[PDB]
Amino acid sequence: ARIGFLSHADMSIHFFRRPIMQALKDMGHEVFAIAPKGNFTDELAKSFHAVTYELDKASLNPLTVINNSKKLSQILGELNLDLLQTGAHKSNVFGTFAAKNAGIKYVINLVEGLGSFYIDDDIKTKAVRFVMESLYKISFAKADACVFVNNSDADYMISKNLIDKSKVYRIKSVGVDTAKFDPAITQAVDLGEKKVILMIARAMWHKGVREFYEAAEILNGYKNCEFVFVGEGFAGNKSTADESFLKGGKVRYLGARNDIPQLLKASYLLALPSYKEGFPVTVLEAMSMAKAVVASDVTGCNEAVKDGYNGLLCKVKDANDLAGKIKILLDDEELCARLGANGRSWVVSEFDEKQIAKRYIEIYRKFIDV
């Protein structure tokens, strides 16, 4: 009944792990949110036991990653956890080494997208991918189970003999609060009298930001549409567009936001031209808002979006095709509503966060008493 949730980022605890954690709290367990300090740490402390720690998130310096993870082992050791849920690569691998060195008996892993080491193909990145995969064989072997939020990541990692089918659990998506993300109780943000083409994302190039801005250029307000981008960029990051790029195109830039339901209600459709995903949550949120989606035909996107059912798929790294799919929906309002209505019907039946959370807890029940 002492259950930790380790992440590299408090965003993942607050946005993804939370419904699991709430369900365990409501059952009378002690739930720990273990993540570096961030914008959500203080409110999370009110609900759960916040634990912070230092991390060079993107660094691959060996002695930095040894020291980071040794300190981490001590922080985890002092919590006296019965089970630790990790998520994403650094916590799955090094969080597991540190968890076992700290004497934690049960470690559950979680893969939610394979990330940029499978987008890039430069030799340096092909070597990094090899090492991480070889480390994963050890870390998975030490952990008791791994949850996958899509099928392609599980299939892939099984095919590389990184983990036995026995330990793979497929829980599709991290779920969405369909009662909060409900159009009937949501008041739209006012963005004018325009057909809003909404993209929600951290401004990673690997998220398709450039293609989205190029497509805005191509359509240039066709049928009174307006491209709108929600999310943060960063300065001096090669992996990221800066605010000067995000403010300099035919896109209305809103920066970070907390009224996503309200923004989705004001939108005509949601675009996600990502290069690679796990099970994109902005897609789930758009679906719960009964909004059609236009998404790249890539990993993750093509499991959350079924072409012709709840959205349309476009080629990746292709602004013209992205624009083309958007124009088809701008040209055909009845189709766009039908797809969004199917999107709503699907989230409600398969992706509500409450049933998703219950299925994580059944995995834990195999190992500890809940």
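One rule holds for the numbers: they count along the sequence shown, beginning at 1.
Comparing 236-244 with 294-302, the higher mean C-alpha B-factor in the PDB entry belongs to 236-244. Higher average CA B factor: 61-69, of the stretches 44-52 and 61-69. Based on the entry's C-alpha B-factors, the most elevated value among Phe130, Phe279, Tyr268, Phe227 belongs to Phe130. Of the candidates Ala286, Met199, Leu219, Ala188, the deposited coordinates give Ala188 the top C-alpha B factor. Annotation for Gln22: CA B-factor lies in the middle third of the chain's modelled residues. In the deposited entry, the Cα temperature factor of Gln355 sits in the top third of values across the chain's modelled residues.
Among all modelled residues in its chain, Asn161 ranks in the highest third by Cα B-factor.
Compared with the other modelled residues of the chain, the Cα B-factor recorded for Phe140 ranks in the middle third. Remark: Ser91 belongs to the lowest third of its chain, ranked by C-alpha B-factor as recorded.
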